[PDB]
Each structure stands twice: as structure tokens, then as C-alpha cells.
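# Report on the structure
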Amino acid sequence: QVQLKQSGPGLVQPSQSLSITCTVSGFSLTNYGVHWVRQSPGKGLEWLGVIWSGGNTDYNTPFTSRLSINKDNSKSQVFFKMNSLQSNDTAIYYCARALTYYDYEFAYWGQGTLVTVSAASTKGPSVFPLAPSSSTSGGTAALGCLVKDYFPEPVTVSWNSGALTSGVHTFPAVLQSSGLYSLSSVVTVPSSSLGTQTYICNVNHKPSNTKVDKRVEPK
Amino acid sequence: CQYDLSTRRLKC
Amino acid sequence: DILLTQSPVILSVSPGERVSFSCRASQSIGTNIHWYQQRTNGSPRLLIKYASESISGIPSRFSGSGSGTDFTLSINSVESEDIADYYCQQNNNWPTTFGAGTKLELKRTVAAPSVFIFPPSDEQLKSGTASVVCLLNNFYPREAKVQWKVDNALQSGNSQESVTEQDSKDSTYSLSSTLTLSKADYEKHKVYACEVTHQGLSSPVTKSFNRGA
Ligand SMILES: *[C@@H]1O[C@H](CO)[C@@H](O)[C@H](O)[C@H]1NC(C)=O
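Residues numbered from 1 in each chain as written, not as in the entry; some residues may be left out. Chains lettered and ligands numbered in written order. Heavy atoms only, no water. Residues with missing side-chain atoms left out of burial classes, pairs and counts.

Method-wise, the PDB entry is recorded as coming from X-ray crystallography, at a reported resolution of 2.53 Å.

Looking at the PDB entry, one finds chain C named CETUXIMAB FAB LIGHT CHAIN and attributed to Mus musculus, Homo sapiens.

In the annotation of the PDB entry, chain A is listed under the name CETUXIMAB FAB HEAVY CHAIN and assigned to Mus musculus, Homo sapiens.

Right, here's the structure in full:
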């Protein structure tokens, strides 16, 4: 199976450099070109450039000066580096692969790397329980986790290590007046299962290496 | 519209 | 660079209906157009290549047509799982460029929210801040009002809302309203209420609790 797995989300100081690794599998870098595309609020989808099978590169006109793409065939790795980032470079960066070696119809994509250009410093979140009580209606209970005061985005949240997905709602993060993000993630479950079952939100905030599991119980 | 990095969708 | 103009910017339709996406090019580009689908939190997914050619594992309900400057992506009978943003891409001229996209929203019947309220945790109060959360779950349409009252005093300016995108299965939204108070303020009051207004409710629904059990 063709896969492109990118490195984790990052914070970049203004005028400093962005580095992303694309690690591929299911095909050889000697047989396909790897493209880089970003997606920003201000410019939407934007093709940045490519490193071809034989190692040549093309860069989109406005990035020729500050962009460089390299690779290690034997390690299946593509290295993307862009210089002197400014705030409007804040975006999700993707590596992608086309159907055929020479073409540009992108059939396969990396999961994306969210990059934040900001002078602010990394800060991990605190996790508080949103505890159910009688949060009970028609035999359904709701519970959750409040993931508060972190920077930058994103945070990932699952329930019971991926085992619980039905009823789960993880809200878009909102930026608070303190310049820190905050979000909740909730799930509805049968009232009667609060006795038997354990409910744990798995919070991960990679930019600060904050990895927390929160057990949420009735109070 | 424009892409929203928090919602990961277009926002209109 | 070729400019690609997608229209409209947003489309609302019911399941089983036909929907067309338009992509117009600032000059002729033959059939050198590709289409993508992007779901919430997802990467673009290749739907059609070269105006009309099928892609492996893409449902037959997706098709495309057009040549020159005017292109169309069709979904003959929309499903709830089709909620996404749709983009076109040209590669007749270097560099390849993408359109701004069209947002696909789905219509469904009115659904009242189920409402839930959560007091701040004892764990958080240790940090001098109290967050009170109100959950509006699985409702439609998107428009909703949350009113906070603390001891009958109407709250203003100290709450924030977040709304999920449409659910891929039932097409509903959910919303969180977070009321943020200092610990000192929280401790000086008893009745914390969350009043919810929505087209699905014949009257506002209030959820509340008294601080300290
Ligand atoms: C960012 O800023 C530069 C000018 O410094 C501008 O030319 C460019 O279009 C901007 N890019 C965006 C909006 O992503």
C-alpha cells in the first residue's frame, strides 16, 4: 500500500526556517516524483514544488529563493526546507505523489503538517474532566474532556485508545484572549454503562510532547 | 470562503 | 498563472438529489483538469482526472465533464457522506493551480439539540479559573442561541462557542459553549444556568446546577 507519512506539527519563529520530512512506503523514490503542496487561509491550495525520480527539482516561482527539496532514496525520505517564514506562511504542508512518475494528478497524500509561524512559545495543555451526572437524558449520558490553554495547534484526542468512536465529538479549537487555544471533546454513552465501563480521553499535544490520559468518571 | 486551520474545512 | 473560478462558493442539497460543481478557467486548458474531495480533518482525495476519467475506488456516482474553459463535477445522487469541499486543479499550464473550492452542505429535517451542562472540575479550581460547559448535541439547522445566567444575572462577553462541521452519518451539528469565570467569582455564586434556543425546541430548554453539589 502506498503511504506518505510526514513529520509532526511545528512552531516556527518568524524569519526562521521550516523543515519537514516525508517518509514514503509502498513505492520507491527512484520511480516517482514527490510534490509539496500547502493549504493556507489566504491562498488555499498552492503547489510549491517537486523532487523527481532522478533528483531534479522544480520550485513554484514565488518560492525559488527560499525553498529547497532533497531526498534519501535508500531511506525513503524526502526533505522539505523553506527559509524566512512570515505569518502568512502559517498553513498545512502536504507531500503528495501522482498516479504516474511524470504527472501531477495527486492520488496519494501525506497526512499533513500544520505549521505555525509565531514568536510565542510552546505550551502544553491541562486536561480537565467533563463529568456526567443527572448530563443524563432519556438514559443517555454525556461526558468529555476539557483540553485547555495550549500552543500552538493542534492537539489530538481519541477515546479509549481508538476503541470508542461512536458518539464522539471533538470540537474545533478556539483561540482565547490569552493567546492560548482551548477545546472540548465529548461522547454520549448509555447511562447504565458508567458502572461497568472505563472512559479515558487520550490527549496528545506533540509540539510540547504533552501526552496525557484522563479518566472521566461521574462525581 | 477560506480554509480554516482549526476546523480543517472551508469556512464561509 | 491560470485562474480557476469555482461556483458557487457553497451548495446546499438534500440526499438523493443531483448536484453540479462548476470550475471556469481564465483561458482554454483543454481537458487538463482534475477534481478533489476534502473532508473535515482530511487530505484532498482524487475524484476524477482529465475532466472525465474515473479513479480507482471512487463511487460511480461521481462524474465529470467539460473542455476548454468550462468544467463540471457531478454527483448524481448525493449521500450524507459526501459532505466535503470540492476543488478543481488545472495542469495545462505551469505551474499547476487550484480553485478556491465549493463547500457542500446537506439539508435534513429539523433536529432539536439534546442539552447537557458540566460544572468546573475540582482539579481546575486549583488553578484559580473555572470553566462551565454547555453541550448542544446532534441538532439541525446550525443556528442556535446559548444564554448563560449566574444567580439570575445575564452573562455577556465571557463565553465562547465552537461548532462541529456536519456529521457524515446524520448531517447534524453539535456545539459547545464554555463560560469562563475566575475561581473567586465562581465561589461567590450558586445557580449556574444554560438556556438554549433553537428552531427544534418549542420553548427554550434550560440546564442548570447549584455549585457545591
Ligand atoms: C504573504 O506576504 C507576501 C508579502 O510579504 C505576499 O506577497 C504573499 O502574497 C502573502 N502570501 C499569502 C497571503 O499566503
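Once you've had a look at it, read on.
In this section: the overall build of chain A. Assigned secondary structure in chain A consists of one helix and 20 strands. Taken over the C-alpha atoms alone, chain A extends approximately 65 × 40 × 25 Å along its principal axes. (Helix = DSSP H or I, 4+ residues; strand = E, 2+ residues; numbered from the N terminus.)

Residues A:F106, C:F21, C:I33, C:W35, C:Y86 and C:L104 are the most contacted members of the largest nonpolar core, which totals 47 residues. Beyond its immediate stretch of four places on either side in the chain, A:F106 contacts A:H35, A:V37, A:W47, A:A96, A:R97, A:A98, C:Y36, C:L46, C:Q89 and C:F98. (Core = buried A, V, L, I, M, F, W, Y, C linked by side-chain atoms within 4.5 Å. Buried < 20%, exposed > 50% of the residue type's maximum accessible area, 1.4 Å probe, protein only. Contact = heavy atoms within 4.5 Å.)

Residues and elements named next belong to chain C. At the junction of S7 and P8, the peptide bond is cis and its omega measures out at -10° in the coordinates. In this chain, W94 is followed by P95 through a cis amide linkage whose omega measures -5°. For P95, the position within the fold is in the loop between β8 (84-90) and β9 (97-98). In the Ramachandran plot, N41 falls in the positive-phi region, its phi being about 65° despite a non-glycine side chain.

What follows is about the interface of chain B and chain C. Counting residues at the interface gives seven residues for chain B, matched by 15 residues for chain C. Counting the surface lost from both chain B and chain C, the interface buries some 910 Å², and carbon and sulfur atoms represent 49% of this. Of all residues in chain B, B:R8, B:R9 and B:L10 give up the largest surface area on contact with chain C, accounting jointly for 65% of the area buried on that side. Between chain B and chain C we count two salt bridges in total. Joining chain B to chain C, the criterion identifies six residue pairs in polar contact. Looking at side-chain class alone, the side of chain B that touches chain C contains four nonpolar, one polar and two charged residues. (Buried area = accessible area lost by both parts, 1.4 Å probe. Salt bridge = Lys/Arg side-chain N within 4 Å of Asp/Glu carboxyl O. Polar contact = N/O pair within 3.5 Å; in protein donor to acceptor, adjacent residues only side chain to side chain. Nonpolar A, V, L, I, M, F, W, Y, C, P; charged D, E, K, R; others polar.)

All names here are of chain C. In terms of domains, chain C is made up of domain 1 (1-108) and domain 2 (109-213). For domain 1 versus domain 2, the distance between C-alpha centres works out to 38 Å. Counting from both sides, the interface comprises nine residues of domain 1 and, opposite them, 13 residues of domain 2. For the side of domain 1 that touches domain 2, the class distribution of residues is two nonpolar, two polar and five charged. (Domains from an automatic or database assignment.)

What follows concerns the site of the ligand. All names here are of chain A. The environment of the ligand is made up of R38, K43 and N88. Between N88 and the ligand, the recorded distance is 2.3 Å, taken from a side-chain N or O atom to an oxygen atom. For the ligand, whose accessible area on its own is 360 Å², the fraction buried by protein is 42%. (Near = heavy atom within 4 Å. Areas by Shrake-Rupley, 256 points an atom, 1.4 Å probe, with all protein chains shown as cover.)

Attention now moves to the domain arrangement of chain A. Residue and element names in this part refer to chain A. Taken domain by domain, chain A holds domain 1 (2-118) and domain 2 (122-218). In this structure, domain 1 and domain 2 have C-alpha centres spaced 32 Å apart. Each partner contributes to the interface: domain 1 provides five residues, whereas domain 2 provides seven residues. Counting across the domain 1 and domain 2 interface gives zero residue pairs in polar contact. Of the residues contributing to the side of domain 1 that touches domain 2, the split by class is three nonpolar, two polar and no charged.

Residue and element names in this part refer to chain A. The strand order across the open sheet formed by three strands is β15-β19-β20, and the pairing between neighbours is antiparallel. The open sheet terminates on both sides in strands that have one partner only, identified here as β15 (156-159) and β20 (210-215). Adjacent strand axes in the sheet meet at a mean angle of 15° when their direction is disregarded. As judged from the six bridges shared by strand β19 (residues 200-205) and β20, these two strands associate in the antiparallel manner. What sits directly across from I200, in β20, is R215. (Pairing = 2+ DSSP bridges. Axes fitted to C-alpha atoms, helices over the stretch in contact; angles between N-to-C directions.)

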